[PDB]
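Number of protein chains: 2
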Amino acid sequence: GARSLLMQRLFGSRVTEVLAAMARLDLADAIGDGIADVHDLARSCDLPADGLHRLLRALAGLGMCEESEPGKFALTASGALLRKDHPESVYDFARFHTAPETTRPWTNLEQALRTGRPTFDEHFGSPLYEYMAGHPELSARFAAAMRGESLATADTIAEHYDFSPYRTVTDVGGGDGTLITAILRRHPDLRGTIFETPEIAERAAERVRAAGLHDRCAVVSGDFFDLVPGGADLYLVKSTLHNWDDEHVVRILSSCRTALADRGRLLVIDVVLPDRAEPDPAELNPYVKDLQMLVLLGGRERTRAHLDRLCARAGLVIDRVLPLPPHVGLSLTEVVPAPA
Amino acid sequence: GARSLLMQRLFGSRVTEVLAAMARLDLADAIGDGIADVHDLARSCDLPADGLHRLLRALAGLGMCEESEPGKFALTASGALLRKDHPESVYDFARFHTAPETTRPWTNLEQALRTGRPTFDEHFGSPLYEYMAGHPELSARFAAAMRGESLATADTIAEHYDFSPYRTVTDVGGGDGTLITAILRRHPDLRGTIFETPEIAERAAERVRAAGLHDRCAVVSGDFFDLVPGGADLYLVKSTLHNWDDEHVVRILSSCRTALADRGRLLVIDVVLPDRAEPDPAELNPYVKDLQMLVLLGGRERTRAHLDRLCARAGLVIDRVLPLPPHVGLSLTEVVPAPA
Ligand SMILES: Nc1ncnc2c1ncn2[C@@H]1O[C@H](CSCC[C@H](N)C(=O)O)[C@@H](O)[C@H]1O
Ligand SMILES: Nc1ncnc2c1ncn2[C@@H]1O[C@H](CSCC[C@H](N)C(=O)O)[C@@H](O)[C@H]1O
Numbered sequence: 010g011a012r013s014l015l016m017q018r019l020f021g022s023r024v025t026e027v028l029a030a031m032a033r034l035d036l037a038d039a040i041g042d043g044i045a046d047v048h049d050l051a052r053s054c055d056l057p058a059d060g061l062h063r064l065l066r067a068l069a070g071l072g073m074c075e076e077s078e079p080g081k082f083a084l085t086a087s088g089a090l091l092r093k094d095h096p097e098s099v100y101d102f103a104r105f106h107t108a109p110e111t112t113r114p115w116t117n118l119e120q121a122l123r124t125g126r127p128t129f130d131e132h133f134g135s136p137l138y139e140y141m142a143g144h145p146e147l148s149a150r151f152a153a154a155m156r157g158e159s160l161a162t163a164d165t166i167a168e169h170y171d172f173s174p175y176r177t178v179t180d181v182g183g184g185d186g187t188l189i190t191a192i193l194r195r196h197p198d199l200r201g202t203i204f205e206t207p208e209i210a211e212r213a214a215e216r217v218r219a220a221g222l223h224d225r226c227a228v229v230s231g232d233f234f235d236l237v238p239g240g241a242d243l244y245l246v247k248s249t250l251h252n253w254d255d256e257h258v259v260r261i262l263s264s265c266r267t268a269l270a271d272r273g274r275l276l277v278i279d280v281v282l283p284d285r286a287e288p289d290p291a292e293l294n295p296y297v298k299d300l301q302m303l304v305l306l307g308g309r310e311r312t313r314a315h316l317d318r319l320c321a322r323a324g325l326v327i328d329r330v331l332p333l334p335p336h337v338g339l340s341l342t343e344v345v346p347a348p349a
Numbered sequence: 010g011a012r013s014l015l016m017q018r019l020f021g022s023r024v025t026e027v028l029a030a031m032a033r034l035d036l037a038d039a040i041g042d043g044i045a046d047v048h049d050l051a052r053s054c055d056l057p058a059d060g061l062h063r064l065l066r067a068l069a070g071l072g073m074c075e076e077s078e079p080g081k082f083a084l085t086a087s088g089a090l091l092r093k094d095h096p097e098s099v100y101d102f103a104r105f106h107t108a109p110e111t112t113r114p115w116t117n118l119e120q121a122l123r124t125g126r127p128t129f130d131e132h133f134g135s136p137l138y139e140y141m142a143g144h145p146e147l148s149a150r151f152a153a154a155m156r157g158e159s160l161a162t163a164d165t166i167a168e169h170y171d172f173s174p175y176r177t178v179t180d181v182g183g184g185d186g187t188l189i190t191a192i193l194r195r196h197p198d199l200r201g202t203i204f205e206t207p208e209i210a211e212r213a214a215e216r217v218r219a220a221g222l223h224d225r226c227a228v229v230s231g232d233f234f235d236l237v238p239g240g241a242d243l244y245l246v247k248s249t250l251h252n253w254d255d256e257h258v259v260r261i262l263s264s265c266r267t268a269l270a271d272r273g274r275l276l277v278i279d280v281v282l283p284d285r286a287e288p289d290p291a292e293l294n295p296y297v298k299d300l301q302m303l304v305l306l307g308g309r310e311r312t313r314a315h316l317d318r319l320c321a322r323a324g325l326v327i328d329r330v331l332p333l334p335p336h337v338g339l340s341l342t343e344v345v346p347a348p349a
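Here you go:
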């Protein structure tokens with residue numbers, strides 16, 4: 010009901026703290042595939058039996074564990090995803106989004122709404138990507154966090170978009186190559202390029218080699234404000250434009266239009282907000298993502314009209330917006346050069 | 010699904026921050042019964058139009074508002090409950106549970122689980138009730154917060170428990186008298202007493218007079234560690250025992266047994282945890298309540314077996330546990346003196 014929903018929302022931060030503790034204490038990996046005794050687990054994470062038992066009971070109450078017998082715990086499917094070693098692990102995603110770096114800025118949300126610029130810079134002393142360039146461990150966590158988030162998109166995009174017409178695809182800000190890898194796996198003849206910062210490009214190059222795609226997927230580093238590597242039939246930009254304000258987005262789309270030339274297409278893979286806000290079944294709430302982009306980066310999520318206008322300016326026109334399965338929350342916006 | 014549920018939980022703290030902003034900026038009261046333009050609302054709370062629009066869109070995405078047309082907002086039933094002036098308002102509940110006093114202790118959850126004692130004392134310099142005795146404004150907020158929480162119980166208890174056999178009912182730690190008022194309203198011949206701290210007793214006395222129950226509801230102040238006023242047929246103790254550790258609970262139940270004498274009954278109105286933890290449909294998660302009691306007070310929620318043992322010790326026996334409608338989350342534990 011109306012009261013239950015409100016009460017749920019209000020206790021959200023306490024629920025997050027319970028999940029944060031599970032992740033920080035690596036309890037998912039400690040439990041693993043079996044039934045674990047709380048007394049055995051207590052001598053793994055430096056908590057006493059009583060304290061750990063109360064935390065595990067909360068995690069069972071939140072659908073992350075099962076208490077088969079008093080003091081005996083197994084993971085649910087949800088709990089399994091917080092294992093470091095799970096094939097679709099969101100452990101790094103969980104650690105990143107519960108780290109002081111991503112949560113402290115939210116304590117100052119009203120200031121971000123008042124100033125219209127991020128509170129991250131005030132707390133940590135530089136813009137997020139400048140900061141991560143100086144903190145390799147956070148940069149590594151971020152790369153693995155974005156891999157975890159992008160799995161839902163990577164596992165669905167090729168069944169919702171026809172990649173067969175293209176010889177070459179370049180992923181602009183393509184992270185560790187999670188998205189392009191998934192596309193290349195389904196198209197053996199297709200050639201890929203990941204365009205990233207020098208720091209993340211190191212991660213992508215290792216991922217491409219480890220995945221055995223080095224023969225037909227290359228990695229190139231630079232600044233998408235400077236240029237996007239030319240020559241490709243298709244360009245992807247996923248979860249990238251929402252990191253930047255309108256003028257910075259135009260500059261990225263400007264670099265993209267130069268690379269598109271005559272027979273180049275751009276696929277913007279991002280939240281497409283409705284003109285009228287309403288509840289959304291996406292695994293991550295798109296309006297919470299919007300405010301995340303504000304406090305961390307001074308970015309935002311955008312409507313089709315808002316993006317259509319930013320395209321228009323870049324000498325680009327939104328051709329067509331294609332949906333993904335509703336749990337994903339992202340859409341595929343096809344962008345081509347404007348008649349002019 | 011399993012991934013969607015986990016993603017939901019992880020973004021809980023950001024959802025809480027969105028609701029906290031709505032409450033702090035009094036946006037619910039600003040919107041009220043009508044459709045409000047974001048530009049008009051912007052000149053009420055010292056946020057610019059763009060910033061406020063993004064917050065309201067998030068609140069619409071979380072089911073608190075409706076965006077009927079771009080920039081035009083009305084409350085949902087859920088949003089209406091954050092109005093100060095709503096007859097079943099949880100505004101004070103929302104402000105209390107998003108205040109630094111109740112949230113900062115959660116940043117140190119692991120320490121509370123390790124030490125087994127509250128982190129509130131470390132942050133704010135004294136036990137919670139000692140602190141609130143020195144902070145009248147927080148004490149007032151707390152009284153109104155507990156009223157908001159107790160509405161679900163107050164509105165159902167008399168239809169799930171027969172109060173007709175009793176001439177007199179005493180509410181031990183009865184807050185502002187929300188629970189006893191609801192019971193007395195349905196039993197015109199019934200006489201009530203609220204037993205509270207001197208500070209909260211002032212609130213209860215005013216509430217009883219305002220409600221026109223002064224003729225058959227009295228307020229008496231003291232310390233339930235010292236005694237509980239005698240002479241009553243029935244004693245209630247709601248959301249009180251969970252505030253205290255096992256030995257402090259025994260001392261409260263000891264005071265209760267003295268007051269019960271020969272023909273006295275005790276009704277413990279509290280979460281009754283299952284032996285095996287599992288998901289719960291209650292408006293407030295009982296395991297999150299358990300950890301709230303730890304970090305704030307060094308208290309806990311308890312199973313029937315755990316309470317049965319604390320009763321046994323107090324010279325009391327749990328007679329019978331009666332359920333409330335599932336959204337409430339509390340049960341009615343009938344406690345009588347032990348044969349001995
Ligand atoms: N100036 C710049 N030039 C190129 N890449 C940049 C950049 N500033 C940020 N980036 C990259 O932009 C990415 C945005 S995060 C999205 C990563 C990936 N597309 C995914 O969806 O999982 C980061 O990996 C970051 O390294
Ligand atoms: N030593 C003490 N003696 C009496 N009351 C006390 C006390 N310590 C705390 N309390 C009271 O115990 C109450 C617990 S909160 C629960 C209030 C009410 N029964 C409800 O459910 O809404 C507070 O109102 C607080 O003032």
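Chains as they are written, first to last, in the entry's author numbering: chain A, 10 to 349; chain A', 10 to 349. A prime marks a further copy of an entry chain. Even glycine gets a Cβ: it sits at the ideal position worked out from N, Cα and C.
So which residues of chain A does residue i contact, with C-beta pairs closer than 7 Å?
i                : result
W253 of chain A' : Correct list: empty, because the minimum Cβ distance to chain A is about 16 Å.
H315 of chain A' : Here the premise fails: no neighbours, minimum Cβ distance about 11 Å.
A286 of chain A' : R66, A69, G70, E76
Taking only beta-carbon positions, decide if residue i is within less than 8 Å of chain A.
i                       : result
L71 of chain A'         : yes
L14 of chain A'         : yes
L262 of chain A'        : no
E168 of chain A'        : no
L36 of chain A'         : no
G184 of chain A'        : no
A191 of chain A'        : no
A220 of chain A'        : no
residue 351 of chain A' : The question about residue 351 of chain A' has no answer here: the residues shown for chain A' are numbered 10 through 349.
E119 of chain A'        : yes
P57 of chain A'         : yes
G308 of chain A'        : no
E205 of chain A'        : no
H336 of chain A'        : yes
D289 of chain A'        : yes
If we define contact as Cβ-Cβ less than 8 Å, is residue i a contact residue for chain A'?
i               : result
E131 of chain A : no
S87 of chain A  : yes
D49 of chain A  : no
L293 of chain A : yes
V24 of chain A  : yes
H106 of chain A : yes
Could you give the residue range of the beta strand (DSSP E) that holds residue i?
i                : result
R200 of chain A' : 200-205
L245 of chain A  : 243-247
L56 of chain A'  : No beta strand (DSSP E) contains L56 of chain A', which DSSP labels as neither H nor E.
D180 of chain A' : 177-181
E343 of chain A' : 340-346
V228 of chain A' : 226-230
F105 of chain A' : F105 of chain A' -> not in any beta strand (DSSP E); alpha helix (DSSP H) instead, spanning 100-106.
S77 of chain A'  : 74-78
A291 of chain A' : Note, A291 of chain A': premise wrong, no beta strand (DSSP E); not H, not E.
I44 of chain A'  : No beta strand (DSSP E) contains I44 of chain A', which DSSP labels as neither H nor E.
Taking residue i and residue j to be in contact with their CB atoms under 8 Å, please state how far apart those CB atoms are, rounded to whole angstroms.
i                : j                : result
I189 of chain A' : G201 of chain A' : 5 Å
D101 of chain A' : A153 of chain A' : 3 Å
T112 of chain A' : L19 of chain A   : Between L19 of chain A and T112 of chain A' the Cβ distance is about 11 Å, and since that is not below 8 Å, they are no contact.
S264 of chain A  : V237 of chain A  : 5 Å
Can you tell me where the alpha helix (DSSP H) holding residue i begins and where it ends?
i                : result
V304 of chain A  : 295-306
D255 of chain A' : 255-269
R23 of chain A'  : 21-33
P332 of chain A' : First-last for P332 of chain A': 325-332, but that is the beta strand (DSSP E), not the alpha helix (DSSP H).
If the cut is a Cβ gap below 8 Å, which residues of chain A does residue i touch?
i                : result
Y100 of chain A' : Going along chain A, no residue has its Cβ under 8 Å from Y100 of chain A', so there is no contact; the nearest lies around 11 Å.
Interface residues of chain A around residue i at Cβ under 9 Å?
i                : result
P127 of chain A' : In chain order: nothing, as chain A lies at least about 13 Å away.
Examine ligand 3 and report whether any of its heavy atoms sits within less than 7 Å of the Cβ of residue i.
i               : result
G184 of chain A : With respect to small molecules bound, the structure shown includes ligand 1 and ligand 2 and not ligand 3.
Using a cut-off of 7 Å between C-beta atoms, extract the partners of residue i located in chain A'.
i              : result
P79 of chain A : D284, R285
Below 9 Å on C-beta distance, what does residue i contact in chain A'?
i              : result
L28 of chain A : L15, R18, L19, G21
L61 of chain A : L122
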